[PDB]
Amino acid sequence: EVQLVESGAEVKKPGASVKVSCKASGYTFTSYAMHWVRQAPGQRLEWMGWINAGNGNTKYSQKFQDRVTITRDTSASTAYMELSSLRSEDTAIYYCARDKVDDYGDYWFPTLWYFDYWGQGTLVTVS
Amino acid sequence: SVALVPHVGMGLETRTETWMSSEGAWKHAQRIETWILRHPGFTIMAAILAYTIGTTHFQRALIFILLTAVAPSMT
Amino acid sequence: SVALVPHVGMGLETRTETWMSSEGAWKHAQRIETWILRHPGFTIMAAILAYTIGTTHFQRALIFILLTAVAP
Amino acid sequence: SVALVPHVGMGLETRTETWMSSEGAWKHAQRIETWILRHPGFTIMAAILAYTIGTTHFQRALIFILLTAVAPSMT
Amino acid sequence: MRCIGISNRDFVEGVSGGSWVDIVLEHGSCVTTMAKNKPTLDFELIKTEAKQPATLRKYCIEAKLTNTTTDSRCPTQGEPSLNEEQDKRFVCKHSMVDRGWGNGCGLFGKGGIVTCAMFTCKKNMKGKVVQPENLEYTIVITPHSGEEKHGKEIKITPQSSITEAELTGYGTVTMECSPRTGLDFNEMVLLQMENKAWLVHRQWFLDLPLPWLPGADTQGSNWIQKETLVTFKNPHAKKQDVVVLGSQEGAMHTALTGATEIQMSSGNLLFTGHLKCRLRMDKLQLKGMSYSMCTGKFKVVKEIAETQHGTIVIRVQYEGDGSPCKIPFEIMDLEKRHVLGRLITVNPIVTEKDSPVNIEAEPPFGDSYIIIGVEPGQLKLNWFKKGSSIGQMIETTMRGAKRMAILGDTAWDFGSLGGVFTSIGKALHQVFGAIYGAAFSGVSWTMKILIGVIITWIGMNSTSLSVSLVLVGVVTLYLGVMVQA
Amino acid sequence: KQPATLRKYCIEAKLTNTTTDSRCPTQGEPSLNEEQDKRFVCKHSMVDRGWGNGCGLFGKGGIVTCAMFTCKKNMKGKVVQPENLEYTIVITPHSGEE
Amino acid sequence: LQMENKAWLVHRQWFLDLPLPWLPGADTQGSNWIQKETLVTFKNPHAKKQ
Amino acid sequence: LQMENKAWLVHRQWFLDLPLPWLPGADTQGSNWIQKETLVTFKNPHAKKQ
Amino acid sequence: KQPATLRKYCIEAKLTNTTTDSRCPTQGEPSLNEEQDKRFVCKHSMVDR
Amino acid sequence: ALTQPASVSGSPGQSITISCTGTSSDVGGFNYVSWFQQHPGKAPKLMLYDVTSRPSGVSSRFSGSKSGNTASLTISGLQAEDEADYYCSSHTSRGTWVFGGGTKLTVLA
Ligand SMILES: *[C@@H]1O[C@H](CO)[C@@H](O)[C@H](O)[C@H]1NC(C)=O
Ligand SMILES: *[C@@H]1O[C@H](CO)[C@@H](O)[C@H](O)[C@H]1NC(C)=O
């Protein structure tokens, strides 16, 4: 069973740095890309970026180019998303999602069933 | 210019008449005729050339008229 | 140097494209043409020599092409 | 690259030694001879071709030498 | 289904008495197999892995020189010697220098000179050699099940090339390869740069004009022929100085024109080369090939799609009862007289009522009609095929010719059934290719067109010899125009 | 004296901000915002697209890759007018002094 | 011609014939390189992407 | 092919060969006009001013 | 249904913010910090100095 | 962004259609149209991807279709448990992902 485990809720002052942990189990972690999606309470979903566990390359959204950095850990089968210089508007629920990479170990063209599973979500509040 | 490259006579015409069918079917003939009217000396020179290079009368006529067709295309 | 001894034509090419395939396909022709354009006197001399040496037009052209190619 | 178009024999040579005089006079001889010793079949084929197209011995040898020079240079 | 959409798609038809067919797989390409009463399968080479790399030698591409030394001798006293002259970390050269009274020597003439400088290399490229037995081949086996991990991944090793894949519902497929004959890594080396890697010929790698170390050297003082990376100058024949040449990584990149780029960042990942494998389909079955018709209706969810190979892919949904049941699919004409096409996805089946199913077919040239279901509510489609039989045949013959050119003797094994004609052709083209390789090894393509022109002219001007020569010439011209480098 | 810089050729270059956009067949070439600036090197090639690539039709689809060009080490080509030349000549007679 | 620390006295026309990215000496931005294709390469291993 | 208020049905190839500035249809920036020299003229009357 | 825009051809244009500068003979070509942007149109012609 | 109605309500057991509209680069050019259901206080779950097809374990009541630049979701036989937040997501041409504004589904009592 593919299980996505996320850390607990955290509170931090504005301008701090928060690193969230999403641990995925029950499958070959290296052969799947990992996604991070946020959502303000009562608002729409926003997509930050993805990390390909096969190579570790990075790709982020245009808005989150200079502030969002995401890394991956093969040994723990987890991906860490780190956001620095928090702002009062950053208070949102953060979901980690998974999808399949191609047979060549790359994540150029996403599969049709992307975002196949989702994590329970991490709640971050900014003072 | 785009007018030098008309999308004309390439097999897409149907029962419907085209965008410049009636009044537009005859730009080139009248243009060449007017050019011949206002540029005769070139026409006589072309006739002399057709008389020279051509061996038979048909070749002479072909060269002459079709040279006169070439002539206003570039100008 | 190494650029004078490229790893080309050694019987290892497969369906996937090589490293300098597209760019290196015609780069030699481009440099030869530029050299011809910028050194016309040698080309004329090579044409004269090919005309004199050979006995038939085919080898006139062949010697001309070979002399032109080797010079760069 | 730039290595395929060296500034060789363009009429700017002076009394002072240039950057690659000594072995720059010879990387030709070395790389062509290594190519010959590494691909003898092409040299043989060039030999038959020179014997075929060439009518006199001089032009046979000339064609053979030019083909042998092209073979590494064209690469 | 994984092969749908790839322009490098190939078809093999028919089986022998032993239900065995020779097939060839290339990286980036895949093939589709079908027979009279066998399921349709897709074969794709996706990954080549080498576990144990051995460093052959290290080529230095940037170097730095320090501790420059100089010793001079008066004329007619031989050449000077320094204790770093034996110390082969120090590159040294002997030149001749004018000497006289103003130079502090009592004689006039050609004086000896020697200069040495410590050779230190900053960064270098590694050439890794791998034994053939350390190769891993990954093959995906996906059947045309019509489903929207779909295939099965199997691994091929040179020591154990005998394997089979258990397909759910299709039984078992036996696929035995022979990687010893695909690519000869005994003469190949995996050149590796700072972050990019190339697969180049070992012999061409050994004779590169760069300073090098034995593959096992670690301290970094055993450099051979450092003179190719440093230079000495005598501008006025009065004093020699030694300076380093520039970085050769760009020059090396220019030197790898015909090389094939590979991956060595997270292992020896190779996406190049071919694989001639022996396929046995004795024990393949069709999923639910005994179920009855789907008497209900259908509706298309995704309309007609044209590939680059003249086939059609359709996803359809069933709403009737009796699931699971067989899908009535057949390529009929307008008045329903004669069968016109065949099913690439043999035996389309509805596994689950609400599950969409993908179907493949190969319509003939001209008007084509797809029949779905049975009356009432039968679906009839109206796709037209653009092309002609002559065009298909000629495209097939260029594809076969280029495949022959790029696979050599192994191309006869793409669809060989063990026939005597196939064996004769394989042997003849094998000896011809051996002669060709011994003839045109290490030669540029434009030179190949030149040679082809020469022999074509000779054959035209000189009758059995003439026809043989013109055939050889046109073959050489085709090889030259078709080869990338 | 006073050489005039004419042309600088680059040697060291680095590529960043690589972007590719997913163009289907028969719908024209793709387009990126960064090709508006000439710092980004771009090239059009032809790639396969299909249902597995989430496009309505199977065929050869377009693609473009753009990455910013940043040069690190470059050369300099300077031209000096002949009027600025400086020639120094030493003159010594045979005085016989050591 | 000027390198990092070396220099060469070479012909002007051959210098303009160098197939490398370049800017005219009058430029100050130092970022609008010309024929940058000569120093980069796009690769299509399987016609899937570049 | 669509004008401001009129339209025509034309062959694709001849449309691709029109010598006018163009963006791809998928483009939304509205500024990268290709081959703009077809709608501009650079006048150099007497070799003193362009 | 669902027509797809194959190509958008410009047919009306205007030229504004025109700029130019010259360079003395035999020092290459004149430069602006500006040609880096492709929305502008630029041409190199030859003038007396 | 993606434009869609903020709230859609319908009687239980009825058939309703909700539409998500984007641009030509993401919706009108690609088949990467997927719909996700967001329960209040629970993680989002996909109800539909590749609108021509449906996922596994999802009832056939949900049906999706794309008409040009507008992608539509149709639900047959509205029920009480269908009251949840629904999001439309599309993988744009530039390689990133865009999401809709979120829709609240209301079932009359
Ligand atoms: C390119 O990426 C770097 C790092 O992600 C960023 O700092 C830079 O702004 C990007 N380039 C542009 C033009 O935004
Ligand atoms: C063009 O000139 C106008 C003058 O009013 C100015 O407002 C505008 O910013 C200029 N545009 C550019 C790109 O410099």
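No Cβ is skipped: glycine too gets one built from the backbone with ideal geometry, and neighbour counts run over all protein chains shown. A short reminder: the numbers here are calculations on the coordinates, not readings from a lab.
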Burial ordering of D:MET20, J:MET47, E:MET393, fewest other beta-carbon atoms within 10 Å first: E:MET393, D:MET20, J:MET47
Please give the average number of partner chain Cβ atoms lying within 10 Å of the Cβ of each residue in F:58-66, rounded to a whole number. 4
Let me know the shape class of chain G, please: from the alpha-carbon gyration tensor, a ≥ b ≥ c as square roots of the eigenvalues, rounded when a/c is under 1.5, otherwise prolate if a/b is greater than b/c, or oblate. prolate
Unit charges on C-beta of K, R, D, E only; dipole of region A:8-122, Debye: 380
May I ask you to evaluate 6.51 cos²θ - 1.76 cosθ + 1.60, the Karplus curve with θ = phi - 60°, for each residue of region E:474-484 and list the ³J(HN,Hα) values in order in whole Hz, giving x for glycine and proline? 5, 4, 5, 4, 4, 4, x, 6, 7, 6, 6
For a test of the definition: using alpha carbon positions, the gyration tensor, and the 1.5 limit on a/c, classify chain D as rounded, prolate or oblate. prolate
Rank by packing, highest mean first: peptides E:90-103, B:30-43, with packing defined as the count of other Cβ atoms within 10 Å averaged across residues. E:90-103, B:30-43
Mean-position separation - Cα centroids, chain B and region E:258-277, in angstrom: 62
When A:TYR117, A:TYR80, A:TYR94 are ranked with the fewest other C-beta atoms within 10 Å first, the list becomes A:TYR80, A:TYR117, A:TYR94
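Using a 10 Å cut-off on Cβ to Cβ distances, tally the other chain neighbours for every residue of E:28-40 and report the average as a whole number.
Other-chain Cβ atoms within 10 Å of each residue's Cβ, averaged: 1.
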Spelling it out for J:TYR49: with amide H atoms placed in the peptide plane at 1.01 Å from N, the residues 5 or more places away or on another chain with amide H under 5 Å from its amide H are J:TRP35
³J(HN,Hα) computed for each position of region E:39-56 - Karplus, 6.51 cos²θ - 1.76 cosθ + 1.60, integer Hz, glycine/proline x: x, 8, 10, 10, 10, 9, 7, 10, 8, 10, 10, 10, 7, 10, x, 10, 6, 7
Taking the 0 to 90 degree range and rounding to the nearest ten, how far is the long axis of helix D:40-53 tilted relative to the main principal axis of chain D, both from C-alpha atoms? 70
With the cut-off at 1.5 for a/c, could you classify region E:306-375 from its C-alpha gyration tensor as rounded, prolate or oblate? oblate
Could you tell me which of E:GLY473, E:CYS325, E:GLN378 has its Cα farthest along the dipole of chain E towards the positive end, charges placed at Cβ (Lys, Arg +1; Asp, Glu -1), taken about the Cα centre? E:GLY473
When you have a sec, figure out the Kirkwood radius of region E:1-143 from all distinct Cα pair distances and drop it here in Å to one decimal? 22.1
With charges only on Cβ, +1 for K and R and -1 for D and E, what is the dipole size of the protein assembly as shown about its Cα centre, in debye, rounded to 20? 1480
Flagged as over-length at 32 Å C-alpha distance, from F:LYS1/H:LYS36; E:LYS149/E:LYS302; E:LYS122/E:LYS276; E:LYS51/E:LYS123; E:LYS149/J:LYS66; E:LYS88/F:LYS72, the pairs are F:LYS1/H:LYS36; E:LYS122/E:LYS276; E:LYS88/F:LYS72
At a Förster distance of 25 Å, what's the computed FRET efficiency of D:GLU13 paired with D:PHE58, Cβ-Cβ distance as r, to 0.05? 0.20
Among E:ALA63, E:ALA165, E:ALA197 the positive-end extreme of the charge dipole of chain E (Cβ point charges): E:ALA63
Where the only charges are on Cβ atoms (+1 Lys, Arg; -1 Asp, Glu), what is the dipole of chain E about its Cα centre, to the nearest 20 debye? 940
At what distance in angstrom do the alpha carbon centres of region E:379-432 and region E:103-127 lie from each other? 63
So for the protein assembly as shown, taking the charge dipole from beta-carbon charges (+1 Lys/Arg, -1 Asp/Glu), which of F:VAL90, D:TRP19, H:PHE42 sits furthest toward the positive end? F:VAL90
Between the helical axis of B:27-38 and the dominant principal axis of chain B, each derived from Cα atoms, what acute angle in degrees is found, rounded to the nearest 10? 30
Peptides B:6-15, H:10-19, E:276-285, A:64-73: what's the order by average Cβ count within 10 Å, highest mean first? E:276-285, A:64-73, H:10-19, B:6-15
List residues of region I:27-49, by number, whose backbone nitrogen lies under 13 Å from a label position 7 Å along Cα→C-beta of H:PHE42. I:29-32, I:35, I:41-47
How far is the Cα center of region A:72-119 from the Cα center of chain H, in Å? 43
